[PDB]
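A.B. asks: File name upload.txt; file contents compact mmCIF, N, CA and C atoms; full text below.
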```txt
# COMPACT_ATOMS: atom_id res chain seq x y z
N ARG C 146 29.39 -9.22 4.97
CA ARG C 146 28.27 -9.30 4.05
C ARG C 146 28.43 -10.42 3.03
N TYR C 147 29.43 -11.29 3.18
CA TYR C 147 29.51 -12.51 2.39
C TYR C 147 28.48 -13.54 2.84
N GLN C 148 27.90 -13.36 4.03
CA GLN C 148 26.94 -14.31 4.57
C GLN C 148 25.59 -14.23 3.86
N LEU C 149 25.29 -13.07 3.25
CA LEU C 149 24.13 -12.99 2.37
C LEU C 149 24.46 -13.48 0.97
N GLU C 150 25.70 -13.23 0.51
CA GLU C 150 26.05 -13.53 -0.87
C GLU C 150 26.28 -15.01 -1.12
N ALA C 151 26.36 -15.82 -0.06
CA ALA C 151 26.43 -17.27 -0.22
C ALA C 151 25.07 -17.94 -0.15
N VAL C 152 24.01 -17.21 0.23
CA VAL C 152 22.68 -17.80 0.36
C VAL C 152 21.72 -17.20 -0.66
N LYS C 153 22.27 -16.69 -1.77
CA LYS C 153 21.44 -16.07 -2.80
C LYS C 153 20.56 -17.05 -3.55
N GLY C 154 20.89 -18.35 -3.52
CA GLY C 154 20.07 -19.32 -4.22
C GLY C 154 18.75 -19.59 -3.54
N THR C 155 18.70 -19.42 -2.22
CA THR C 155 17.44 -19.58 -1.50
C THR C 155 16.53 -18.40 -1.81
N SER C 156 15.43 -18.68 -2.50
CA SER C 156 14.49 -17.65 -2.91
C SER C 156 13.27 -17.55 -2.01
N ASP C 157 13.33 -18.15 -0.82
CA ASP C 157 12.32 -18.02 0.22
C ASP C 157 12.37 -16.60 0.78
N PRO C 158 11.33 -15.78 0.57
CA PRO C 158 11.43 -14.36 0.95
C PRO C 158 11.35 -14.12 2.45
N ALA C 159 10.56 -14.91 3.18
CA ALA C 159 10.50 -14.75 4.62
C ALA C 159 11.80 -15.20 5.28
N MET C 160 12.44 -16.24 4.73
CA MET C 160 13.73 -16.67 5.26
C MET C 160 14.82 -15.65 4.98
N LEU C 161 14.84 -15.05 3.79
CA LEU C 161 15.82 -14.00 3.51
C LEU C 161 15.53 -12.74 4.30
N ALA C 162 14.26 -12.47 4.62
CA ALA C 162 13.95 -11.37 5.52
C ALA C 162 14.40 -11.67 6.94
N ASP C 163 14.34 -12.95 7.35
CA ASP C 163 14.90 -13.35 8.64
C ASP C 163 16.43 -13.26 8.64
N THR C 164 17.05 -13.39 7.46
CA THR C 164 18.50 -13.26 7.37
C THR C 164 18.94 -11.80 7.40
N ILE C 165 18.43 -10.99 6.47
CA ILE C 165 18.85 -9.59 6.35
C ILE C 165 18.35 -8.78 7.54
N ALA C 166 17.12 -9.05 7.99
CA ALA C 166 16.62 -8.51 9.24
C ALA C 166 17.49 -8.90 10.43
N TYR C 167 18.12 -10.07 10.41
CA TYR C 167 19.14 -10.35 11.42
C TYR C 167 20.44 -9.61 11.15
N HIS C 168 20.84 -9.47 9.88
CA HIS C 168 22.12 -8.86 9.53
C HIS C 168 22.12 -7.34 9.64
N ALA C 169 21.07 -6.75 10.21
CA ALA C 169 21.09 -5.34 10.55
C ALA C 169 20.57 -5.21 11.97
N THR C 170 21.32 -4.48 12.79
CA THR C 170 21.04 -4.38 14.21
C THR C 170 20.48 -2.99 14.49
N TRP C 171 19.15 -2.90 14.58
CA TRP C 171 18.48 -1.67 14.99
C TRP C 171 17.93 -1.84 16.40
N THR C 172 17.37 -3.01 16.72
CA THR C 172 16.75 -3.34 17.99
C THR C 172 16.54 -4.84 17.99
N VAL C 173 17.00 -5.51 19.05
CA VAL C 173 16.89 -6.96 19.12
C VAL C 173 15.44 -7.39 19.29
N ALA C 174 14.63 -6.61 20.02
CA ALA C 174 13.24 -6.98 20.28
C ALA C 174 12.38 -6.90 19.02
N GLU C 175 12.63 -5.91 18.17
CA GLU C 175 11.89 -5.86 16.91
C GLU C 175 12.39 -6.93 15.95
N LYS C 176 13.66 -7.34 16.08
CA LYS C 176 14.14 -8.49 15.32
C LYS C 176 13.52 -9.79 15.83
N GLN C 177 13.19 -9.84 17.13
CA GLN C 177 12.44 -10.97 17.67
C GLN C 177 11.01 -10.97 17.16
N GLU C 178 10.42 -9.78 17.02
CA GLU C 178 9.12 -9.64 16.37
C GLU C 178 9.15 -10.18 14.95
N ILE C 179 10.12 -9.73 14.15
CA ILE C 179 10.20 -10.10 12.74
C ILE C 179 10.54 -11.58 12.58
N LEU C 180 11.41 -12.10 13.45
CA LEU C 180 11.82 -13.50 13.38
C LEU C 180 10.67 -14.44 13.76
N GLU C 181 9.70 -13.95 14.50
CA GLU C 181 8.57 -14.76 14.91
C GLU C 181 7.29 -14.43 14.14
N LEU C 182 7.34 -13.51 13.17
CA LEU C 182 6.15 -13.16 12.41
C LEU C 182 5.72 -14.28 11.48
N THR C 183 4.41 -14.42 11.30
CA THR C 183 3.88 -15.31 10.29
C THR C 183 3.97 -14.68 8.91
N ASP C 184 3.55 -13.43 8.78
CA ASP C 184 3.40 -12.77 7.49
C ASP C 184 4.78 -12.39 6.95
N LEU C 185 4.96 -12.54 5.64
CA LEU C 185 6.23 -12.23 5.00
C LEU C 185 6.28 -10.83 4.41
N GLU C 186 5.19 -10.37 3.78
CA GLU C 186 5.21 -9.06 3.13
C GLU C 186 5.25 -7.94 4.16
N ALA C 187 4.64 -8.19 5.33
CA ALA C 187 4.71 -7.23 6.43
C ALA C 187 6.13 -7.07 6.95
N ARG C 188 6.85 -8.19 7.13
CA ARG C 188 8.22 -8.09 7.63
C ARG C 188 9.15 -7.54 6.55
N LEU C 189 8.81 -7.76 5.27
CA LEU C 189 9.62 -7.22 4.18
C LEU C 189 9.50 -5.70 4.09
N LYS C 190 8.27 -5.17 4.11
CA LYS C 190 8.10 -3.72 4.10
C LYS C 190 8.57 -3.08 5.41
N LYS C 191 8.54 -3.84 6.51
CA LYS C 191 9.10 -3.36 7.77
C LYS C 191 10.61 -3.19 7.68
N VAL C 192 11.31 -4.19 7.11
CA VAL C 192 12.77 -4.09 6.94
C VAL C 192 13.12 -3.00 5.93
N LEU C 193 12.26 -2.79 4.93
CA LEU C 193 12.45 -1.66 4.01
C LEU C 193 12.34 -0.32 4.73
N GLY C 194 11.33 -0.14 5.58
CA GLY C 194 11.21 1.11 6.32
C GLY C 194 12.32 1.31 7.33
N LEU C 195 12.83 0.20 7.88
CA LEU C 195 13.95 0.28 8.81
C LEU C 195 15.24 0.68 8.10
N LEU C 196 15.50 0.12 6.91
CA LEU C 196 16.65 0.56 6.13
C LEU C 196 16.47 1.99 5.64
N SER C 197 15.21 2.40 5.43
CA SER C 197 14.90 3.79 5.09
C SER C 197 15.32 4.75 6.20
N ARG C 198 14.82 4.53 7.43
CA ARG C 198 15.19 5.41 8.54
C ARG C 198 16.68 5.31 8.87
N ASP C 199 17.29 4.14 8.63
CA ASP C 199 18.71 3.98 8.90
C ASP C 199 19.55 4.80 7.93
N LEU C 200 19.31 4.66 6.62
CA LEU C 200 20.12 5.39 5.65
C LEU C 200 19.81 6.88 5.68
N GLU C 201 18.57 7.25 6.03
CA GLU C 201 18.22 8.65 6.21
C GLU C 201 18.95 9.27 7.40
N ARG C 202 19.07 8.53 8.52
CA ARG C 202 19.83 9.10 9.62
C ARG C 202 21.33 9.04 9.37
N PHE C 203 21.81 8.09 8.55
CA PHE C 203 23.19 8.15 8.06
C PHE C 203 23.45 9.45 7.32
N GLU C 204 22.54 9.82 6.44
CA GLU C 204 22.76 11.03 5.65
C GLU C 204 22.62 12.29 6.52
N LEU C 205 21.73 12.27 7.52
CA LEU C 205 21.67 13.38 8.47
C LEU C 205 22.95 13.46 9.30
N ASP C 206 23.56 12.31 9.61
CA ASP C 206 24.85 12.30 10.28
C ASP C 206 25.94 12.89 9.41
N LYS C 207 25.91 12.63 8.10
CA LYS C 207 26.88 13.24 7.20
C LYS C 207 26.66 14.75 7.09
N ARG C 208 25.39 15.18 7.13
CA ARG C 208 25.08 16.60 7.09
C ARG C 208 25.61 17.32 8.32
N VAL C 209 25.37 16.76 9.50
CA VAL C 209 25.88 17.33 10.74
C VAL C 209 27.40 17.28 10.79
N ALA C 210 28.01 16.23 10.21
CA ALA C 210 29.47 16.11 10.20
C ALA C 210 30.13 17.18 9.33
N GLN C 211 29.57 17.42 8.14
CA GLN C 211 30.08 18.51 7.33
C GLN C 211 29.80 19.86 7.96
N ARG C 212 28.65 19.99 8.65
CA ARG C 212 28.34 21.20 9.41
C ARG C 212 29.40 21.48 10.46
N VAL C 213 29.84 20.44 11.16
CA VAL C 213 30.86 20.57 12.19
C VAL C 213 32.21 20.94 11.58
N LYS C 214 32.59 20.30 10.46
CA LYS C 214 33.88 20.61 9.82
C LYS C 214 33.92 22.05 9.31
N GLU C 215 32.81 22.52 8.76
CA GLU C 215 32.74 23.89 8.29
C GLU C 215 32.75 24.88 9.45
N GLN C 216 32.14 24.52 10.58
CA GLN C 216 32.20 25.40 11.74
C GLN C 216 33.61 25.44 12.33
N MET C 217 34.33 24.32 12.20
CA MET C 217 35.74 24.26 12.58
C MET C 217 36.58 25.25 11.79
N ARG S 146 -11.85 -11.55 -10.03
CA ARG S 146 -12.10 -10.77 -11.23
C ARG S 146 -13.29 -11.34 -12.00
N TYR S 147 -14.23 -11.97 -11.28
CA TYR S 147 -15.37 -12.66 -11.87
C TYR S 147 -16.61 -11.78 -11.99
N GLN S 148 -16.58 -10.56 -11.46
CA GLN S 148 -17.64 -9.60 -11.76
C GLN S 148 -17.38 -8.90 -13.09
N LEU S 149 -16.13 -8.95 -13.58
CA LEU S 149 -15.80 -8.33 -14.86
C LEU S 149 -16.18 -9.22 -16.04
N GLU S 150 -16.53 -10.48 -15.78
CA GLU S 150 -16.89 -11.39 -16.87
C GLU S 150 -18.30 -11.12 -17.37
N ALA S 151 -19.18 -10.61 -16.51
CA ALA S 151 -20.55 -10.31 -16.92
C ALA S 151 -20.63 -8.97 -17.64
N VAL S 152 -19.57 -8.15 -17.55
CA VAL S 152 -19.55 -6.87 -18.24
C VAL S 152 -18.69 -6.89 -19.49
N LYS S 153 -17.95 -7.97 -19.74
CA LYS S 153 -17.15 -8.13 -20.94
C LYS S 153 -17.66 -9.22 -21.87
N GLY S 154 -18.82 -9.81 -21.59
CA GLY S 154 -19.31 -10.92 -22.37
C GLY S 154 -20.15 -10.54 -23.58
N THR S 155 -21.22 -9.78 -23.35
CA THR S 155 -22.15 -9.37 -24.39
C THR S 155 -22.00 -7.88 -24.66
N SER S 156 -22.74 -7.39 -25.65
CA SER S 156 -22.57 -6.02 -26.13
C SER S 156 -23.78 -5.11 -25.88
N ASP S 157 -24.84 -5.62 -25.27
CA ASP S 157 -26.03 -4.79 -25.04
C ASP S 157 -25.79 -3.85 -23.86
N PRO S 158 -25.80 -2.53 -24.06
CA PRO S 158 -25.28 -1.63 -23.03
C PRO S 158 -26.23 -1.37 -21.87
N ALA S 159 -27.53 -1.65 -22.01
CA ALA S 159 -28.45 -1.44 -20.88
C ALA S 159 -28.25 -2.49 -19.80
N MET S 160 -28.10 -3.75 -20.21
CA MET S 160 -27.80 -4.83 -19.27
C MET S 160 -26.44 -4.63 -18.62
N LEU S 161 -25.46 -4.14 -19.39
CA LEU S 161 -24.15 -3.85 -18.84
C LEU S 161 -24.20 -2.67 -17.86
N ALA S 162 -25.02 -1.66 -18.16
CA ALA S 162 -25.16 -0.51 -17.27
C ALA S 162 -25.80 -0.90 -15.94
N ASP S 163 -26.86 -1.71 -16.00
CA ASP S 163 -27.50 -2.14 -14.76
C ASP S 163 -26.64 -3.12 -13.97
N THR S 164 -25.81 -3.93 -14.64
CA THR S 164 -24.95 -4.82 -13.86
C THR S 164 -23.66 -4.15 -13.39
N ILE S 165 -23.28 -3.00 -13.95
CA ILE S 165 -22.20 -2.22 -13.33
C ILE S 165 -22.75 -1.43 -12.15
N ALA S 166 -23.98 -0.92 -12.28
CA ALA S 166 -24.64 -0.29 -11.14
C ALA S 166 -24.98 -1.28 -10.03
N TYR S 167 -25.11 -2.57 -10.35
CA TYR S 167 -25.40 -3.55 -9.31
C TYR S 167 -24.12 -4.07 -8.65
N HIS S 168 -23.02 -4.15 -9.40
CA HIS S 168 -21.77 -4.66 -8.84
C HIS S 168 -21.07 -3.67 -7.92
N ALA S 169 -21.59 -2.45 -7.79
CA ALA S 169 -21.10 -1.48 -6.81
C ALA S 169 -22.10 -1.46 -5.66
N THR S 170 -21.67 -1.95 -4.50
CA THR S 170 -22.53 -2.08 -3.33
C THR S 170 -22.79 -0.71 -2.71
N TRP S 171 -24.06 -0.33 -2.59
CA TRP S 171 -24.42 0.94 -1.99
C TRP S 171 -25.61 0.79 -1.06
N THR S 172 -26.09 1.93 -0.58
CA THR S 172 -27.18 1.99 0.38
C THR S 172 -28.53 1.81 -0.31
N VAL S 173 -29.50 1.35 0.48
CA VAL S 173 -30.80 0.93 -0.04
C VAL S 173 -31.63 2.12 -0.50
N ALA S 174 -31.59 3.23 0.24
CA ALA S 174 -32.37 4.41 -0.12
C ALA S 174 -31.83 5.06 -1.39
N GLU S 175 -30.51 5.04 -1.57
CA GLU S 175 -29.94 5.50 -2.83
C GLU S 175 -30.32 4.59 -3.98
N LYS S 176 -30.46 3.29 -3.72
CA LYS S 176 -30.94 2.37 -4.75
C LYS S 176 -32.40 2.64 -5.10
N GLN S 177 -33.21 3.04 -4.11
CA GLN S 177 -34.61 3.37 -4.38
C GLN S 177 -34.74 4.68 -5.15
N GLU S 178 -33.88 5.66 -4.84
CA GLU S 178 -33.92 6.92 -5.59
C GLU S 178 -33.36 6.76 -7.00
N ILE S 179 -32.42 5.82 -7.19
CA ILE S 179 -32.02 5.43 -8.53
C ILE S 179 -33.17 4.73 -9.25
N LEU S 180 -33.94 3.91 -8.53
CA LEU S 180 -35.10 3.22 -9.08
C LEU S 180 -36.23 4.17 -9.46
N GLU S 181 -36.34 5.32 -8.79
CA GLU S 181 -37.36 6.30 -9.16
C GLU S 181 -37.05 6.95 -10.50
N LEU S 182 -35.78 7.10 -10.84
CA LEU S 182 -35.38 7.70 -12.10
C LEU S 182 -35.42 6.65 -13.21
N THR S 183 -36.23 6.92 -14.24
CA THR S 183 -36.47 5.94 -15.29
C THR S 183 -35.36 5.85 -16.33
N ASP S 184 -34.67 6.95 -16.63
CA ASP S 184 -33.59 6.89 -17.60
C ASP S 184 -32.30 6.40 -16.93
N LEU S 185 -31.33 6.03 -17.77
CA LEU S 185 -30.05 5.57 -17.24
C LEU S 185 -29.10 6.73 -16.99
N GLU S 186 -29.44 7.93 -17.47
CA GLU S 186 -28.52 9.07 -17.49
C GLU S 186 -28.12 9.51 -16.08
N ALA S 187 -29.11 9.91 -15.28
CA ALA S 187 -28.82 10.47 -13.96
C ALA S 187 -28.29 9.42 -13.00
N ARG S 188 -28.77 8.17 -13.13
CA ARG S 188 -28.29 7.13 -12.23
C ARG S 188 -26.86 6.71 -12.55
N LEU S 189 -26.49 6.59 -13.83
CA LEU S 189 -25.09 6.30 -14.15
C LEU S 189 -24.17 7.48 -13.86
N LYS S 190 -24.66 8.72 -13.97
CA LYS S 190 -23.87 9.87 -13.55
C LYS S 190 -23.66 9.88 -12.04
N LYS S 191 -24.67 9.42 -11.27
CA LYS S 191 -24.51 9.31 -9.82
C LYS S 191 -23.50 8.23 -9.45
N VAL S 192 -23.56 7.08 -10.14
CA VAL S 192 -22.60 6.00 -9.90
C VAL S 192 -21.19 6.45 -10.26
N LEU S 193 -21.05 7.22 -11.35
CA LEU S 193 -19.76 7.78 -11.73
C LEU S 193 -19.22 8.75 -10.68
N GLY S 194 -20.08 9.67 -10.21
CA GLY S 194 -19.69 10.63 -9.19
C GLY S 194 -19.35 10.02 -7.85
N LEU S 195 -19.91 8.86 -7.52
CA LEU S 195 -19.51 8.17 -6.30
C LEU S 195 -18.28 7.29 -6.48
N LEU S 196 -18.10 6.65 -7.65
CA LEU S 196 -16.93 5.80 -7.84
C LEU S 196 -15.66 6.62 -8.02
N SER S 197 -15.77 7.81 -8.62
CA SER S 197 -14.61 8.70 -8.69
C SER S 197 -14.22 9.21 -7.31
N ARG S 198 -15.22 9.46 -6.45
CA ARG S 198 -14.97 9.80 -5.06
C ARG S 198 -14.29 8.66 -4.31
N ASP S 199 -14.71 7.42 -4.60
CA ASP S 199 -14.06 6.23 -4.05
C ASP S 199 -12.60 6.14 -4.48
N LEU S 200 -12.33 6.45 -5.75
CA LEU S 200 -10.96 6.47 -6.25
C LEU S 200 -10.12 7.52 -5.52
N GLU S 201 -10.69 8.71 -5.32
CA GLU S 201 -10.02 9.76 -4.55
C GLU S 201 -9.74 9.34 -3.12
N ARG S 202 -10.65 8.61 -2.49
CA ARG S 202 -10.46 8.19 -1.10
C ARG S 202 -9.38 7.12 -0.98
N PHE S 203 -9.38 6.13 -1.90
CA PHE S 203 -8.30 5.13 -1.92
C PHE S 203 -6.93 5.74 -2.18
N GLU S 204 -6.83 6.67 -3.14
CA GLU S 204 -5.54 7.28 -3.43
C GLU S 204 -5.10 8.22 -2.31
N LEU S 205 -6.05 8.88 -1.64
CA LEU S 205 -5.72 9.70 -0.48
C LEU S 205 -5.23 8.85 0.68
N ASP S 206 -5.85 7.69 0.90
CA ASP S 206 -5.40 6.80 1.97
C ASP S 206 -4.01 6.24 1.69
N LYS S 207 -3.71 5.93 0.42
CA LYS S 207 -2.36 5.49 0.08
C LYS S 207 -1.31 6.59 0.25
N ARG S 208 -1.65 7.83 -0.13
CA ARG S 208 -0.72 8.95 0.04
C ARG S 208 -0.47 9.25 1.52
N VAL S 209 -1.53 9.17 2.33
CA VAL S 209 -1.39 9.35 3.78
C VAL S 209 -0.54 8.23 4.36
N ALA S 210 -0.68 7.00 3.85
CA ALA S 210 0.12 5.88 4.34
C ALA S 210 1.61 6.07 4.07
N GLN S 211 1.96 6.48 2.85
CA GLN S 211 3.38 6.69 2.53
C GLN S 211 3.96 7.88 3.30
N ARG S 212 3.19 8.97 3.43
CA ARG S 212 3.68 10.15 4.14
C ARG S 212 3.81 9.88 5.64
N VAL S 213 2.92 9.07 6.20
CA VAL S 213 3.01 8.71 7.61
C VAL S 213 4.20 7.78 7.85
N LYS S 214 4.49 6.86 6.91
CA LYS S 214 5.63 5.96 7.10
C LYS S 214 6.95 6.72 7.04
N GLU S 215 7.10 7.61 6.06
CA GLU S 215 8.29 8.46 6.00
C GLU S 215 8.39 9.43 7.18
N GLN S 216 7.25 9.99 7.63
CA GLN S 216 7.26 10.94 8.74
C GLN S 216 7.62 10.26 10.06
N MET S 217 7.11 9.05 10.29
CA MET S 217 7.48 8.34 11.50
C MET S 217 8.91 7.86 11.45
```
Please lay out the structure from this file as C-alpha cells.

C.D. replies:
Amino acid sequence: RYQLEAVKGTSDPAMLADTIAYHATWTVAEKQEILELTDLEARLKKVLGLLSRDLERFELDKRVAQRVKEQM
Amino acid sequence: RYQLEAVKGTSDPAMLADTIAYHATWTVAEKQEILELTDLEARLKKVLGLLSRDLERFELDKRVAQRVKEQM
C-alpha cells in the first residue's frame, strides 16, 4: 500500500479511482469496466460500494470465525 | 438557479406567488382549474400540497436507492 501513498499529489479523481480500483481485486472484468469508464463519480461510488461489500463480508467472516471458535 | 432570481428581486407578493406557481411545471387542466379560482389561497395551497408530495417522492427514491445498494 505504499503505491498509493507515493501518488497522493495527483488529485485527478478518475485516475486515483483507476489506481485504488486496481489495488483491490474483487473481479478483473469489473475492473476492466471501471478502467474503461468515462464517468468518474460513477466509478467512485462503485468502488465505495465494492469496499462496502468487501469490509462487510470481512466482518461476517470474523463473526463466523468467532462462532467456530466458540463451538470448538 | 436563475428561476430563483425572479422570486428574490422585488417584494410584491402577488407577482411572486404567480411566478412560483408558474416555475413549477404541471398539467394543463390543473392550470385551468387553478385559473378558475380567483383568489391565491386555494391555488397556492394546491401548489404546496403537490410540491411537498414531490419532496416526499424524491426523498423516498433516495432512501430506496441507499437501501437497494446496501441490500445488493

A.B. asks: Mind pulling up the distance from atom C of residue 173 of chain S to atom N of residue 205 of chain S?

C.D. replies: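 These two atoms are separated by 26.5 Å.
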
A.B. asks: Select, from S:216, S:147, S:210, S:162, the residue with the minimum atom-to-atom distance to residue 185 of chain S, counting all atoms listed in the file.

C.D. replies: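 Closest candidate: S:162.
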
A.B. asks: Within 8 Å of chain S, which residues of chain C show up when using only N, CA and C atoms, listed as a PyMOL selection string?

C.D. replies: chain C and resi 194+197-198

A.B. asks: Please save N, CA and C atoms of the selected residues as a PDB file, in the frame of the given file.

C.D. replies:
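File produced: again10.pdb:
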```
ATOM      1  N   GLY C 194      11.330  -0.140   5.580  1.00  0.00           N
ATOM      2  CA  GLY C 194      11.210   1.110   6.320  1.00  0.00           C
ATOM      3  C   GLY C 194      12.320   1.310   7.330  1.00  0.00           C
ATOM      4  N   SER C 197      15.210   2.400   5.430  1.00  0.00           N
ATOM      5  CA  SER C 197      14.900   3.790   5.090  1.00  0.00           C
ATOM      6  C   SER C 197      15.320   4.750   6.200  1.00  0.00           C
ATOM      7  N   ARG C 198      14.820   4.530   7.430  1.00  0.00           N
ATOM      8  CA  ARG C 198      15.190   5.410   8.540  1.00  0.00           C
ATOM      9  C   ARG C 198      16.680   5.310   8.870  1.00  0.00           C
TER      10      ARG C 198
END
```

A.B. asks: Which of chain C counts as helix (DSSP H, G or I) under DSSP, as a VMD selection string please?

C.D. replies: chain C and resid 147 to 150 158 to 167 173 to 180 185 to 216

A.B. asks: Take the residues from that selection and write them out as a compact mmCIF listing (two decimals), keeping the file's coordinate frame, keeping N, CA and C atoms.

C.D. replies:
```
# COMPACT_ATOMS: atom_id res chain seq x y z
N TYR C 147 29.43 -11.29 3.18
CA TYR C 147 29.51 -12.51 2.39
C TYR C 147 28.48 -13.54 2.84
N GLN C 148 27.90 -13.36 4.03
CA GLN C 148 26.94 -14.31 4.57
C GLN C 148 25.59 -14.23 3.86
N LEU C 149 25.29 -13.07 3.25
CA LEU C 149 24.13 -12.99 2.37
C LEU C 149 24.46 -13.48 0.97
N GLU C 150 25.70 -13.23 0.51
CA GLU C 150 26.05 -13.53 -0.87
C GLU C 150 26.28 -15.01 -1.12
N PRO C 158 11.33 -15.78 0.57
CA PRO C 158 11.43 -14.36 0.95
C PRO C 158 11.35 -14.12 2.45
N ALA C 159 10.56 -14.91 3.18
CA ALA C 159 10.50 -14.75 4.62
C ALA C 159 11.80 -15.20 5.28
N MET C 160 12.44 -16.24 4.73
CA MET C 160 13.73 -16.67 5.26
C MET C 160 14.82 -15.65 4.98
N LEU C 161 14.84 -15.05 3.79
CA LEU C 161 15.82 -14.00 3.51
C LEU C 161 15.53 -12.74 4.30
N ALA C 162 14.26 -12.47 4.62
CA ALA C 162 13.95 -11.37 5.52
C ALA C 162 14.40 -11.67 6.94
N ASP C 163 14.34 -12.95 7.35
CA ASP C 163 14.90 -13.35 8.64
C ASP C 163 16.43 -13.26 8.64
N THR C 164 17.05 -13.39 7.46
CA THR C 164 18.50 -13.26 7.37
C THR C 164 18.94 -11.80 7.40
N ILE C 165 18.43 -10.99 6.47
CA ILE C 165 18.85 -9.59 6.35
C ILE C 165 18.35 -8.78 7.54
N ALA C 166 17.12 -9.05 7.99
CA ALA C 166 16.62 -8.51 9.24
C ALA C 166 17.49 -8.90 10.43
N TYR C 167 18.12 -10.07 10.41
CA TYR C 167 19.14 -10.35 11.42
C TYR C 167 20.44 -9.61 11.15
N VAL C 173 17.00 -5.51 19.05
CA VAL C 173 16.89 -6.96 19.12
C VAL C 173 15.44 -7.39 19.29
N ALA C 174 14.63 -6.61 20.02
CA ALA C 174 13.24 -6.98 20.28
C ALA C 174 12.38 -6.90 19.02
N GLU C 175 12.63 -5.91 18.17
CA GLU C 175 11.89 -5.86 16.91
C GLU C 175 12.39 -6.93 15.95
N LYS C 176 13.66 -7.34 16.08
CA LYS C 176 14.14 -8.49 15.32
C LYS C 176 13.52 -9.79 15.83
N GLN C 177 13.19 -9.84 17.13
CA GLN C 177 12.44 -10.97 17.67
C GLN C 177 11.01 -10.97 17.16
N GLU C 178 10.42 -9.78 17.02
CA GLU C 178 9.12 -9.64 16.37
C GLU C 178 9.15 -10.18 14.95
N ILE C 179 10.12 -9.73 14.15
CA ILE C 179 10.20 -10.10 12.74
C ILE C 179 10.54 -11.58 12.58
N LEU C 180 11.41 -12.10 13.45
CA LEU C 180 11.82 -13.50 13.38
C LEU C 180 10.67 -14.44 13.76
N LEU C 185 4.96 -12.54 5.64
CA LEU C 185 6.23 -12.23 5.00
C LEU C 185 6.28 -10.83 4.41
N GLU C 186 5.19 -10.37 3.78
CA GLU C 186 5.21 -9.06 3.13
C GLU C 186 5.25 -7.94 4.16
N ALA C 187 4.64 -8.19 5.33
CA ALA C 187 4.71 -7.23 6.43
C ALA C 187 6.13 -7.07 6.95
N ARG C 188 6.85 -8.19 7.13
CA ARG C 188 8.22 -8.09 7.63
C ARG C 188 9.15 -7.54 6.55
N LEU C 189 8.81 -7.76 5.27
CA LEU C 189 9.62 -7.22 4.18
C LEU C 189 9.50 -5.70 4.09
N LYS C 190 8.27 -5.17 4.11
CA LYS C 190 8.10 -3.72 4.10
C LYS C 190 8.57 -3.08 5.41
N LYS C 191 8.54 -3.84 6.51
CA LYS C 191 9.10 -3.36 7.77
C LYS C 191 10.61 -3.19 7.68
N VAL C 192 11.31 -4.19 7.11
CA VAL C 192 12.77 -4.09 6.94
C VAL C 192 13.12 -3.00 5.93
N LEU C 193 12.26 -2.79 4.93
CA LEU C 193 12.45 -1.66 4.01
C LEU C 193 12.34 -0.32 4.73
N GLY C 194 11.33 -0.14 5.58
CA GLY C 194 11.21 1.11 6.32
C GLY C 194 12.32 1.31 7.33
N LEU C 195 12.83 0.20 7.88
CA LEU C 195 13.95 0.28 8.81
C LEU C 195 15.24 0.68 8.10
N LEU C 196 15.50 0.12 6.91
CA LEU C 196 16.65 0.56 6.13
C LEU C 196 16.47 1.99 5.64
N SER C 197 15.21 2.40 5.43
CA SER C 197 14.90 3.79 5.09
C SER C 197 15.32 4.75 6.20
N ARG C 198 14.82 4.53 7.43
CA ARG C 198 15.19 5.41 8.54
C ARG C 198 16.68 5.31 8.87
N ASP C 199 17.29 4.14 8.63
CA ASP C 199 18.71 3.98 8.90
C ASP C 199 19.55 4.80 7.93
N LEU C 200 19.31 4.66 6.62
CA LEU C 200 20.12 5.39 5.65
C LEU C 200 19.81 6.88 5.68
N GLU C 201 18.57 7.25 6.03
CA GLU C 201 18.22 8.65 6.21
C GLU C 201 18.95 9.27 7.40
N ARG C 202 19.07 8.53 8.52
CA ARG C 202 19.83 9.10 9.62
C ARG C 202 21.33 9.04 9.37
N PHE C 203 21.81 8.09 8.55
CA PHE C 203 23.19 8.15 8.06
C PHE C 203 23.45 9.45 7.32
N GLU C 204 22.54 9.82 6.44
CA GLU C 204 22.76 11.03 5.65
C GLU C 204 22.62 12.29 6.52
N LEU C 205 21.73 12.27 7.52
CA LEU C 205 21.67 13.38 8.47
C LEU C 205 22.95 13.46 9.30
N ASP C 206 23.56 12.31 9.61
CA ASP C 206 24.85 12.30 10.28
C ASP C 206 25.94 12.89 9.41
N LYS C 207 25.91 12.63 8.10
CA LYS C 207 26.88 13.24 7.20
C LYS C 207 26.66 14.75 7.09
N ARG C 208 25.39 15.18 7.13
CA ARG C 208 25.08 16.60 7.09
C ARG C 208 25.61 17.32 8.32
N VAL C 209 25.37 16.76 9.50
CA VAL C 209 25.88 17.33 10.74
C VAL C 209 27.40 17.28 10.79
N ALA C 210 28.01 16.23 10.21
CA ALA C 210 29.47 16.11 10.20
C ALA C 210 30.13 17.18 9.33
N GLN C 211 29.57 17.42 8.14
CA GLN C 211 30.08 18.51 7.33
C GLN C 211 29.80 19.86 7.96
N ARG C 212 28.65 19.99 8.65
CA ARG C 212 28.34 21.20 9.41
C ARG C 212 29.40 21.48 10.46
N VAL C 213 29.84 20.44 11.16
CA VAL C 213 30.86 20.57 12.19
C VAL C 213 32.21 20.94 11.58
N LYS C 214 32.59 20.30 10.46
CA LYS C 214 33.88 20.61 9.82
C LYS C 214 33.92 22.05 9.31
N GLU C 215 32.81 22.52 8.76
CA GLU C 215 32.74 23.89 8.29
C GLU C 215 32.75 24.88 9.45
N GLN C 216 32.14 24.52 10.58
CA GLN C 216 32.20 25.40 11.74
C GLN C 216 33.61 25.44 12.33
```

A.B. asks: Please, what distance in Å, to one decimal, runs between atom N of residue 155 of chain S and atom N of residue 176 of chain S?

C.D. replies: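 Distance between the two atoms: 25.3 Å.
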